[PDB]
Amino acid sequence: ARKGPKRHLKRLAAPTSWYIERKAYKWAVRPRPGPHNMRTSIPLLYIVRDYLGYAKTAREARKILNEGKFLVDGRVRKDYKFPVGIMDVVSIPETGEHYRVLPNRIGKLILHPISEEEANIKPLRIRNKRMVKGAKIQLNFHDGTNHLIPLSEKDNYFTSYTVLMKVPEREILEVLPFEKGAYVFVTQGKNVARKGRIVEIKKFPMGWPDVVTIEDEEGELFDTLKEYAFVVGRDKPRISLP
Amino acid sequence: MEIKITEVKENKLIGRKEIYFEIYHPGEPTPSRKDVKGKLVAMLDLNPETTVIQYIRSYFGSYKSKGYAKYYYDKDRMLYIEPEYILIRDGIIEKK
Amino acid sequence: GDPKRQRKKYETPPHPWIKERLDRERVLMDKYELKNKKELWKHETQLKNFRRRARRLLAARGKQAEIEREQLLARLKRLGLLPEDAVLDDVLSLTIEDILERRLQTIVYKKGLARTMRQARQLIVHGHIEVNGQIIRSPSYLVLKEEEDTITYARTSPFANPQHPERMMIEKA
RNA sequence: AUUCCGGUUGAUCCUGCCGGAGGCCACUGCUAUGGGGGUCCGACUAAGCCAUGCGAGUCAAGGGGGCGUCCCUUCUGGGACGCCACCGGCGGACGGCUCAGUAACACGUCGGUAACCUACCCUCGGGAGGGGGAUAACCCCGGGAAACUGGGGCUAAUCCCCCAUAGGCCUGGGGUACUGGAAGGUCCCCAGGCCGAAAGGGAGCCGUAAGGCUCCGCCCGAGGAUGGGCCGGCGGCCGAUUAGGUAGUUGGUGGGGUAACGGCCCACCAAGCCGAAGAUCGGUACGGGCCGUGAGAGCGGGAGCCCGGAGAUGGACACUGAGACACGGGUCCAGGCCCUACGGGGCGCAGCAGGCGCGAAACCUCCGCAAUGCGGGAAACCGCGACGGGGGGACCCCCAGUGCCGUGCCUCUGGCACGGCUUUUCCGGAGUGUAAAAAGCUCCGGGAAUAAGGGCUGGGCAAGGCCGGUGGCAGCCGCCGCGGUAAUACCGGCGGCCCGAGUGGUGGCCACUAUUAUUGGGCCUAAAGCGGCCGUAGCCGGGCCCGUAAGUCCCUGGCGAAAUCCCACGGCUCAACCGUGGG
Ligand SMILES: [Mg+2]
Ligand SMILES: [Mg+2]
Ligand SMILES: [Mg+2]
Ligand SMILES: [Mg+2]
Ligand SMILES: [Mg+2]
Ligand SMILES: [Mg+2]
Ligand SMILES: [Mg+2]
Ligand SMILES: [Mg+2]
Ligand SMILES: [Mg+2]
Ligand SMILES: [Mg+2]
Ligand SMILES: [Mg+2]
Ligand SMILES: [Mg+2]
Ligand SMILES: [Mg+2]
Ligand SMILES: [Mg+2]
Ligand SMILES: [Mg+2]
Ligand SMILES: [Mg+2]
Ligand SMILES: [Mg+2]
Ligand SMILES: [Mg+2]
Ligand SMILES: [Mg+2]
Ligand SMILES: [Mg+2]
Ligand SMILES: [Mg+2]
Ligand SMILES: [Mg+2]
Ligand SMILES: [Mg+2]
């Protein structure tokens, strides 16, 4: 990138969270800008071809996508570069199967089967909150999408809360506060994919991030960053987890 | 030569079925594509004009070979999905 | 820096002309009918590697060390080099003859397939010997214990016939 | 294998250096049957000069035309259908190549931007009202040796320009809704100004028409994502036979400029800033992940694969654009070279091949977009010397061959004579394999047939006290030493030893070497204690009690990409190689 943006990606330099053979070929798919970031998402082509195995080559994979066979959060996606990320839902209505994308115990992305009833909800962590013209409130989520609320409701929402959203209509149906006793799932770091309940919260001076303590099922305590803790229920999970 | 089917998997998105098989044949040459197609068609009672054999592969010191084949329910879909070279190689269409 | 370069898998002697070493190696070469010295040296290196792993693990402690310790014992007694009740100490008493006894050539000779070591070598190279249903043409292949008894003439070979003239002469001894 | 062996004397024990014996890299003599895997092959001298071909396009669902084929009525025409260029849109700033410059915030690592830009993409909230204009293509006439280029006629758009509204930016006065560790920020209300949008466009069905219904699209705002700019602390070369350096130099106040902070640049006010803990200047060099070697502590290198930087004959400078001061785009100077009708006009392979030159030193002017990706397109698709496939090559690593058996004879290792057997390898066929081929793999027919060299032979150091030549000559010799007419050492024969598809010669680095010494060396007589003493920085510093918690130790959060290294298991016949896990 001497004069401008990069458009290519070598296999050896690909993100470490994909399931991919790094020496089989030279190039990999450089993902398009979109919802999540490079460290927590994977292009759709690898989901079609490498993970589920409905195609052998990229060319016939593009023929499936251009016919409208895959839904992500209930919306048709045709771009083979489109990123799919944490807590997203993948639906194939023709075969009638649904999956949720989740990190592994070693940090890689996997597809977890779920029921059709649960496939209509998506949990969204509140990443930021601001004031917008007309004195309305805009909520900015962990996957980059936004929502608007009136000034009357401004005290029901704070950062790190989780909103259960109905897709594709994008209508709110639940709010899960972040506090002691909440049920959390870890999405990054050394303690990735562990889950439990919140025990303590600690804070530091001068912009150092804050840390939380979590108790798991067997009674062990472990710490992590506050922003790595995803709230999934009051005292039991609201979604199916492995 | 004797044929044993190992797995048969359906693909509703493409509209085909994918078949994996083994051929056991001590003391014989590698089976031809014609013989394999005829035997495979008869065992499965499948129309022969919409059946493609992707490959037949032999190994170093084995008495058996591994094969992979595909069956399409419609001729138009087959002509639309498969590359030209695999149809020419299997005798389905004639070269230009 | 520099990219990877593939390295040799055997080690050469520190001095090429030492009388005692030459005598010992000549005895081994003649008994087991190896083609050249490097073949012998290959097997020697294998032995040393095993020893070097045992010396390192006796002096270690922690969680990974115990995993590697049991892995070493399991691999050693899967190859048929140790009895099923051996301990780590018994690794240090292995000799070169133990490894040379596991070659496919030696095993074909001991089972009675051939009358001589050289005949066994040729039997293997020309493709008359099958191991667990598969033909192997490398005389130096090390035989696992679990597959030792499925070693026979290939079912397409001329020798897989009790009336073949050369097979009868082999049975005669 | 945490190692020794030869050399100073008539003989001895030391210090000390030289040589032998190991690994890896480059060149090279002689000699070569086969297959597989891999990140190998004009890097060292010349970042020298280059003929020819190719290495970047794509969209007919943005727009008017030309040509052709059919159908209806056709005097006309209207249709469908397919080609071709032009206008218009997006891309050409990535990918590929080389290592000259550079000792620097260039690079590694942890942090920061509340001091900043971002076309393509994602979500939510809104908008699409009214006018005008030219011009290529096409027709007439051309100019010039060519490179190029003139005038007149007519035409369209998702082309260009206005007007409105939304919107943006600056400053002054109030209010306290948001995030955050903290507001020169966001939000609301007045007031003075400046700038200032859009394509309801295209395709298809139901439409008798009216008009829907999908598909692809245009503009504004808030946020994200992606790609970057800028800043800080810390870390890694050699020289004192280089000791003082700096004057926009170091800081302050007021401005300009920039996307943005800043002596980045100005105007004024001061005298600061760096340095024996090595400034300044000179030498050499792209940095890292890594690689070679060694028991380790260490010592040496940083071409090939990945991440960052820089360059396009040398030196300066601009246009367009979201992004360039742009390798296959522009301008000037210097320096080469090419074509002219002599008036002028052009070109720099450090892209793939190929050529010359320089040297000890390095390949085909090949096939394909089938795989992996990128750009364009609604899609089907199209292009790509990237990448994939082969060709030449003692590049690296792994697995094999050059026969085997029985009975006799022999100088009994080996050689010969009889009888038998097998076909990896070799010759000829069928299948599978491949984009097409070639290799490879499974079968069939023939037949021991088609396949061994290089160095050494007195000691070190394994191997001859044999024969013939030469006669201090010729020659050998890493070192010690042989050769003077009875040579185990030179030249040749016959034997023998080592390694073996290889084996020797030259140069480099590590080991040898405790001959660089932290681990771990020496200084009376062998190299080495200043002629003597006083003392500044630095290093080293007596006993007890109380406090602290900087060093130090233990536990736990966030990091130090992938490849490379070690182990088990699984896939290619096993392996080399490749995948899933643990370190
Ligand atoms: Mg380098
Ligand atoms: Mg003396
Ligand atoms: Mg090179
Ligand atoms: Mg050159
Ligand atoms: Mg470039
Ligand atoms: Mg240089
Ligand atoms: Mg306006
Ligand atoms: Mg360096
Ligand atoms: Mg060339
Ligand atoms: Mg060379
Ligand atoms: Mg001689
Ligand atoms: Mg001797
Ligand atoms: Mg030395
Ligand atoms: Mg000394
Ligand atoms: Mg003195
Ligand atoms: Mg003195
Ligand atoms: Mg003193
Ligand atoms: Mg003291
Ligand atoms: Mg401390
Ligand atoms: Mg790594
Ligand atoms: Mg196998
Ligand atoms: Mg294995
Ligand atoms: Mg691997």
# chains A, B, ... in the order shown; residues from 1 in each chain; ligands from 1

$ residues_near_ligand --ligand "ligand 18" --cutoff "8 Å" --atoms "only C-alpha atoms (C1' of nucleotides) and all ligand atoms" --output "PyMOL selection string"
chain D and resi 541-543

$ residues_around --residues "segment 67-77 of chain B" --least-positions-apart "3" --cutoff "7 Å" --atoms "only C-alpha atoms (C1' of nucleotides)" --output "list in words"
residues 15, 16, 17, 18, 19, 20, 21, 22, 50, 51, 52, 53, 54, 55, 56, 57, 80 and 81 of chain B

$ write_last_selection --atoms "N, CA and C atoms" --output "mmCIF file, in the first residue's frame"
data_model
loop_
_atom_site.group_PDB
_atom_site.id
_atom_site.type_symbol
_atom_site.label_atom_id
_atom_site.label_comp_id
_atom_site.auth_asym_id
_atom_site.auth_seq_id
_atom_site.Cartn_x
_atom_site.Cartn_y
_atom_site.Cartn_z
ATOM 1 N N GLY B 15 -29.727 -29.597 -6.735
ATOM 2 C CA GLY B 15 -30.649 -30.495 -7.392
ATOM 3 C C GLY B 15 -29.968 -31.718 -7.967
ATOM 4 N N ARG B 16 -29.224 -32.439 -7.136
ATOM 5 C CA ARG B 16 -28.525 -33.634 -7.585
ATOM 6 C C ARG B 16 -28.298 -34.534 -6.386
ATOM 7 N N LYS B 17 -27.814 -35.736 -6.662
ATOM 8 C CA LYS B 17 -27.331 -36.632 -5.621
ATOM 9 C C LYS B 17 -25.895 -37.022 -5.923
ATOM 10 N N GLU B 18 -25.092 -37.132 -4.871
ATOM 11 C CA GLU B 18 -23.660 -37.361 -4.984
ATOM 12 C C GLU B 18 -23.317 -38.724 -4.406
ATOM 13 N N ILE B 19 -22.601 -39.539 -5.180
ATOM 14 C CA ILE B 19 -22.390 -40.948 -4.871
ATOM 15 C C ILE B 19 -20.893 -41.220 -4.801
ATOM 16 N N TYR B 20 -20.466 -41.862 -3.718
ATOM 17 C CA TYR B 20 -19.093 -42.308 -3.527
ATOM 18 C C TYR B 20 -19.051 -43.828 -3.554
ATOM 19 N N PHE B 21 -18.072 -44.399 -4.250
ATOM 20 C CA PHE B 21 -18.069 -45.849 -4.361
ATOM 21 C C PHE B 21 -16.648 -46.387 -4.435
ATOM 22 N N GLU B 22 -16.528 -47.689 -4.189
ATOM 23 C CA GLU B 22 -15.278 -48.416 -4.336
ATOM 24 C C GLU B 22 -15.464 -49.580 -5.295
ATOM 25 N N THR B 50 -28.320 -38.612 -17.698
ATOM 26 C CA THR B 50 -28.045 -37.527 -16.767
ATOM 27 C C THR B 50 -27.163 -37.982 -15.613
ATOM 28 N N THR B 51 -26.161 -38.804 -15.896
ATOM 29 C CA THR B 51 -25.242 -39.299 -14.881
ATOM 30 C C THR B 51 -23.817 -39.020 -15.326
ATOM 31 N N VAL B 52 -23.045 -38.359 -14.469
ATOM 32 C CA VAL B 52 -21.666 -38.002 -14.764
ATOM 33 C C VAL B 52 -20.765 -38.677 -13.747
ATOM 34 N N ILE B 53 -19.650 -39.217 -14.215
ATOM 35 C CA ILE B 53 -18.626 -39.764 -13.343
ATOM 36 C C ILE B 53 -17.534 -38.722 -13.207
ATOM 37 N N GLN B 54 -17.374 -38.181 -12.000
ATOM 38 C CA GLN B 54 -16.334 -37.185 -11.788
ATOM 39 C C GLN B 54 -14.954 -37.816 -11.868
ATOM 40 N N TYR B 55 -14.727 -38.922 -11.162
ATOM 41 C CA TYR B 55 -13.400 -39.515 -11.300
ATOM 42 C C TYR B 55 -13.368 -40.968 -10.859
ATOM 43 N N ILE B 56 -12.357 -41.672 -11.375
ATOM 44 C CA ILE B 56 -11.962 -43.019 -10.972
ATOM 45 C C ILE B 56 -10.467 -42.991 -10.683
ATOM 46 N N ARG B 57 -10.074 -43.325 -9.460
ATOM 47 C CA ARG B 57 -8.689 -43.178 -9.035
ATOM 48 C C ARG B 57 -8.155 -44.483 -8.466
ATOM 49 N N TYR B 80 -26.450 -26.691 -17.220
ATOM 50 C CA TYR B 80 -26.204 -25.370 -16.668
ATOM 51 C C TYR B 80 -25.140 -25.378 -15.576
ATOM 52 N N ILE B 81 -25.021 -26.461 -14.815
ATOM 53 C CA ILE B 81 -24.146 -26.469 -13.644
ATOM 54 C C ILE B 81 -22.765 -27.029 -13.965
#

$ atom_distance --atom1 "atom 1 (Mg, counted along the ligand's line) of ligand 9" --atom2 "atom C1' of residue 349 of chain D"
11.4 Å

$ interface_residues --of "chain B" --to "chain A" --cutoff "8 Å" --atoms "only C-alpha atoms" --output "list in words"
residues 11, 12, 13, 14 and 81 of chain B

$ residues_near_ligand --ligand "ligand 12" --cutoff "9 Å" --atoms "only C-alpha atoms (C1' of nucleotides) and all ligand atoms" --output "PDB file with C-alpha atoms (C1' of nucleotides), in the first residue's frame"
ATOM      1  CA  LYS C  19      39.389 -49.000  13.793  1.00  0.00           C
TER       2      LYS C  19
ATOM      3  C1'   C D 461      44.529 -41.849   9.650  1.00  0.00           C
ATOM      4  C1'   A D 462      41.603 -47.311   7.608  1.00  0.00           C
ATOM      5  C1'   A D 463      44.713 -49.816   3.876  1.00  0.00           C
TER       6        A D 463
END

$ residues_around --residues "segment 99-112 of chain A" --least-positions-apart "3" --cutoff "7 Å" --atoms "only C-alpha atoms (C1' of nucleotides)" --output "number ranges by chain"
A: 17-18, 85-91, 187, 192-193

$ write_last_selection --atoms "N, CA, C and O atoms" --output "PDB file, in the first residue's frame"
ATOM      1  N   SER A  17      -8.970 -16.843  13.129  1.00  0.00           N
ATOM      2  CA  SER A  17     -10.212 -17.445  13.581  1.00  0.00           C
ATOM      3  C   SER A  17     -10.952 -18.215  12.499  1.00  0.00           C
ATOM      4  O   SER A  17     -12.044 -18.715  12.764  1.00  0.00           O
ATOM      5  N   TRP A  18     -10.409 -18.322  11.296  1.00  0.00           N
ATOM      6  CA  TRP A  18     -11.082 -19.076  10.253  1.00  0.00           C
ATOM      7  C   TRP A  18     -10.630 -20.526  10.266  1.00  0.00           C
ATOM      8  O   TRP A  18      -9.533 -20.852  10.721  1.00  0.00           O
ATOM      9  N   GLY A  85     -20.841 -12.894  11.254  1.00  0.00           N
ATOM     10  CA  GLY A  85     -20.124 -12.759  12.507  1.00  0.00           C
ATOM     11  C   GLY A  85     -20.797 -13.309  13.744  1.00  0.00           C
ATOM     12  O   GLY A  85     -21.780 -14.041  13.650  1.00  0.00           O
ATOM     13  N   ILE A  86     -20.270 -12.945  14.916  1.00  0.00           N
ATOM     14  CA  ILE A  86     -20.731 -13.522  16.174  1.00  0.00           C
ATOM     15  C   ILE A  86     -22.199 -13.211  16.391  1.00  0.00           C
ATOM     16  O   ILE A  86     -22.643 -12.074  16.205  1.00  0.00           O
ATOM     17  N   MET A  87     -22.954 -14.221  16.813  1.00  0.00           N
ATOM     18  CA  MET A  87     -24.370 -14.181  17.162  1.00  0.00           C
ATOM     19  C   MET A  87     -25.269 -14.003  15.950  1.00  0.00           C
ATOM     20  O   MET A  87     -26.463 -13.807  16.127  1.00  0.00           O
ATOM     21  N   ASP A  88     -24.743 -14.059  14.735  1.00  0.00           N
ATOM     22  CA  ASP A  88     -25.595 -14.007  13.561  1.00  0.00           C
ATOM     23  C   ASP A  88     -26.341 -15.321  13.390  1.00  0.00           C
ATOM     24  O   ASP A  88     -26.020 -16.332  14.011  1.00  0.00           O
ATOM     25  N   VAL A  89     -27.351 -15.296  12.527  1.00  0.00           N
ATOM     26  CA  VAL A  89     -28.182 -16.457  12.244  1.00  0.00           C
ATOM     27  C   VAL A  89     -28.089 -16.749  10.759  1.00  0.00           C
ATOM     28  O   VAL A  89     -28.233 -15.841   9.935  1.00  0.00           O
ATOM     29  N   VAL A  90     -27.851 -18.007  10.414  1.00  0.00           N
ATOM     30  CA  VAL A  90     -27.813 -18.444   9.024  1.00  0.00           C
ATOM     31  C   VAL A  90     -28.970 -19.402   8.799  1.00  0.00           C
ATOM     32  O   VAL A  90     -29.099 -20.404   9.508  1.00  0.00           O
ATOM     33  N   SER A  91     -29.809 -19.112   7.812  1.00  0.00           N
ATOM     34  CA  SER A  91     -30.998 -19.907   7.542  1.00  0.00           C
ATOM     35  C   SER A  91     -31.003 -20.365   6.096  1.00  0.00           C
ATOM     36  O   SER A  91     -30.802 -19.558   5.186  1.00  0.00           O
ATOM     37  N   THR A 187     -16.547 -13.819  24.725  1.00  0.00           N
ATOM     38  CA  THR A 187     -16.395 -13.837  23.278  1.00  0.00           C
ATOM     39  C   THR A 187     -14.967 -13.666  22.781  1.00  0.00           C
ATOM     40  O   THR A 187     -14.714 -13.928  21.604  1.00  0.00           O
ATOM     41  N   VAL A 192     -12.145 -17.474  26.410  1.00  0.00           N
ATOM     42  CA  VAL A 192     -13.209 -17.411  25.419  1.00  0.00           C
ATOM     43  C   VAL A 192     -14.078 -18.653  25.516  1.00  0.00           C
ATOM     44  O   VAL A 192     -13.601 -19.745  25.842  1.00  0.00           O
ATOM     45  N   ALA A 193     -15.375 -18.475  25.270  1.00  0.00           N
ATOM     46  CA  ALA A 193     -16.412 -19.501  25.220  1.00  0.00           C
ATOM     47  C   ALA A 193     -16.793 -20.065  26.582  1.00  0.00           C
ATOM     48  O   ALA A 193     -17.602 -20.990  26.639  1.00  0.00           O
TER      49      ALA A 193
END

$ closest_residue --among "A:206, A:163, A:126, A:212" --to "chain D" --atoms "only C-alpha atoms (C1' of nucleotides)"
A:206

$ closest_atom_pairs --of "chain D" --to "chain C" --cutoff "6 Å" --atoms "only C-alpha atoms (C1' of nucleotides)" --output "CSV"
residue,atom,partner,partner_atom,distance
D:21,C1',C:15,CA,5.9
D:22,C1',C:14,CA,5.6
D:290,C1',C:1,CA,4.8
D:291,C1',C:2,CA,4.9
D:302,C1',C:1,CA,4.4
D:305,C1',C:3,CA,5.8
D:397,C1',C:6,CA,5.5
D:404,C1',C:119,CA,5.8
D:424,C1',C:126,CA,5.0
D:462,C1',C:17,CA,5.2
D:573,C1',C:136,CA,5.5

$ residues_around --residues "residue 343 of chain D" --least-positions-apart "5" --cutoff "12 Å" --atoms "only C-alpha atoms (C1' of nucleotides)" --output "PDB file with N, CA, C and O atoms (P, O5', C5', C4', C3', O3' and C1' of nucleotides), in the first residue's frame"
ATOM      1  P     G D 144      -0.172  19.585 -47.512  1.00  0.00           P
ATOM      2  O5'   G D 144       0.640  18.876 -46.345  1.00  0.00           O
ATOM      3  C5'   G D 144       1.587  19.609 -45.586  1.00  0.00           C
ATOM      4  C4'   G D 144       2.129  18.804 -44.434  1.00  0.00           C
ATOM      5  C3'   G D 144       2.796  17.489 -44.792  1.00  0.00           C
ATOM      6  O3'   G D 144       4.124  17.654 -45.248  1.00  0.00           O
ATOM      7  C1'   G D 144       1.318  17.148 -42.997  1.00  0.00           C
ATOM      8  P     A D 145       4.621  16.919 -46.584  1.00  0.00           P
ATOM      9  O5'   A D 145       4.609  15.377 -46.202  1.00  0.00           O
ATOM     10  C5'   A D 145       4.905  14.386 -47.170  1.00  0.00           C
ATOM     11  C4'   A D 145       5.376  13.113 -46.520  1.00  0.00           C
ATOM     12  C3'   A D 145       4.589  12.677 -45.299  1.00  0.00           C
ATOM     13  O3'   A D 145       3.422  11.962 -45.660  1.00  0.00           O
ATOM     14  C1'   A D 145       6.909  12.562 -44.839  1.00  0.00           C
ATOM     15  P     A D 146       2.347  11.541 -44.551  1.00  0.00           P
ATOM     16  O5'   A D 146       2.963  10.228 -43.912  1.00  0.00           O
ATOM     17  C5'   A D 146       2.443   9.715 -42.703  1.00  0.00           C
ATOM     18  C4'   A D 146       3.516   9.596 -41.655  1.00  0.00           C
ATOM     19  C3'   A D 146       3.047   9.770 -40.228  1.00  0.00           C
ATOM     20  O3'   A D 146       2.451   8.587 -39.733  1.00  0.00           O
ATOM     21  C1'   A D 146       5.046  10.993 -40.577  1.00  0.00           C
TER      22        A D 146
END

$ select_by_dssp --residues "segment 17-123 of chain A" --states "alpha helix (DSSP H)" --output "PyMOL selection string"
chain A and resi 44-46+58-66

$ residues_around --residues "residue 25 of chain B" --least-positions-apart "6" --cutoff "12 Å" --atoms "only C-alpha atoms (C1' of nucleotides)" --output "JSON, numbers by chain"
{"B": [1, 2, 3, 4, 31, 58, 62, 63, 64, 65, 66], "C": [155, 156], "D": [442, 443]}

$ write_last_selection --atoms "C-alpha atoms (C1' of nucleotides)" --output "PDB file, in the first residue's frame"
ATOM      1  CA  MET B   1     -14.821 -56.145 -10.545  1.00  0.00           C
ATOM      2  CA  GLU B   2     -17.274 -55.547  -7.698  1.00  0.00           C
ATOM      3  CA  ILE B   3     -18.872 -52.220  -6.770  1.00  0.00           C
ATOM      4  CA  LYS B   4     -19.687 -51.149  -3.224  1.00  0.00           C
ATOM      5  CA  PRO B  31     -12.290 -50.319 -14.847  1.00  0.00           C
ATOM      6  CA  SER B  58      -6.263 -46.054  -8.450  1.00  0.00           C
ATOM      7  CA  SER B  62      -4.155 -51.602  -3.758  1.00  0.00           C
ATOM      8  CA  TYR B  63      -6.581 -54.027  -5.341  1.00  0.00           C
ATOM      9  CA  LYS B  64      -9.344 -51.411  -5.301  1.00  0.00           C
ATOM     10  CA  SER B  65     -10.123 -48.016  -6.800  1.00  0.00           C
ATOM     11  CA  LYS B  66     -12.213 -45.121  -5.520  1.00  0.00           C
TER      12      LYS B  66
ATOM     13  CA  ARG C 155      -2.637 -62.611  -3.387  1.00  0.00           C
ATOM     14  CA  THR C 156      -1.635 -61.907  -7.004  1.00  0.00           C
TER      15      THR C 156
ATOM     16  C1'   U D 442      -3.771 -50.813 -12.128  1.00  0.00           C
ATOM     17  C1'   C D 443      -3.301 -54.843 -15.869  1.00  0.00           C
TER      18        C D 443
END

$ residues_around --residues "segment 88-97 of chain C" --least-positions-apart "3" --cutoff "12 Å" --atoms "only C-alpha atoms (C1' of nucleotides)" --output "PyMOL selection string"
chain C and resi 24-25+27-29+31-32+40-59+66+68-77+81-85+100-103+106

$ interface_residues --of "chain D" --to "chain A" --cutoff "8 Å" --atoms "only C-alpha atoms (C1' of nucleotides)" --output "ChimeraX atom specification"
/D:93-95,121-124,177-179,181,186-188,222-228,306,323-324,372-374,387,557,561-563

$ interface_residues --of "chain B" --to "chain D" --cutoff "6 Å" --atoms "only C-alpha atoms (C1' of nucleotides)" --output "ChimeraX atom specification"
/B:28-30,58-61

$ write_last_selection --atoms "N, CA, C and O atoms" --output "compact mmCIF listing (two decimals), in the first residue's frame"
# COMPACT_ATOMS: atom_id res chain seq x y z
N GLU B 28 -6.83 -57.36 -12.25
CA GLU B 28 -7.50 -56.76 -13.38
C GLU B 28 -7.02 -55.33 -13.58
O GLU B 28 -6.47 -54.73 -12.65
N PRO B 29 -7.18 -54.78 -14.77
CA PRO B 29 -6.89 -53.36 -14.97
C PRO B 29 -7.97 -52.49 -14.35
O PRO B 29 -9.03 -52.95 -13.95
N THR B 30 -7.67 -51.20 -14.28
CA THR B 30 -8.63 -50.24 -13.75
C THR B 30 -9.88 -50.23 -14.62
O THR B 30 -9.77 -50.18 -15.85
N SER B 58 -6.98 -44.89 -8.94
CA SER B 58 -6.26 -46.05 -8.45
C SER B 58 -5.17 -45.63 -7.49
O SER B 58 -4.71 -44.49 -7.50
N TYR B 59 -4.74 -46.57 -6.65
CA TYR B 59 -3.71 -46.31 -5.66
C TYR B 59 -2.53 -47.24 -5.86
O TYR B 59 -2.59 -48.19 -6.64
N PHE B 60 -1.45 -46.97 -5.12
CA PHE B 60 -0.16 -47.61 -5.35
C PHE B 60 -0.23 -49.13 -5.30
O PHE B 60 -0.13 -49.79 -6.33
N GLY B 61 -0.45 -49.71 -4.13
CA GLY B 61 -0.41 -51.16 -4.08
C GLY B 61 -1.72 -51.77 -3.68
O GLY B 61 -1.76 -52.77 -2.96

$ residues_near_ligand --ligand "ligand 3" --cutoff "8 Å" --atoms "only C-alpha atoms (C1' of nucleotides) and all ligand atoms" --output "list in words"
residues 43, 303 and 304 of chain D

$ residues_near_ligand --ligand "ligand 9" --cutoff "10 Å" --atoms "only C-alpha atoms (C1' of nucleotides) and all ligand atoms" --output "VMD selection string"
chain D and resid 42 352 to 355 362 to 365

$ select_by_dssp --residues "segment 3-80 of chain B" --states "strand (DSSP E or B)" --output "PyMOL selection string"
chain B and resi 3-11+16-24+51-58+64-72

$ atom_distance --atom1 "atom CA of residue 171 of chain C" --atom2 "atom CA of residue 129 of chain C"
16.1 Å

$ residues_near_ligand --ligand "ligand 17" --cutoff "10 Å" --atoms "only C-alpha atoms (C1' of nucleotides) and all ligand atoms" --output "list in words"
residues 533, 534 and 535 of chain D

$ atom_distance --atom1 "atom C1' of residue 579 of chain D" --atom2 "atom CA of residue 56 of chain A"
18.7 Å
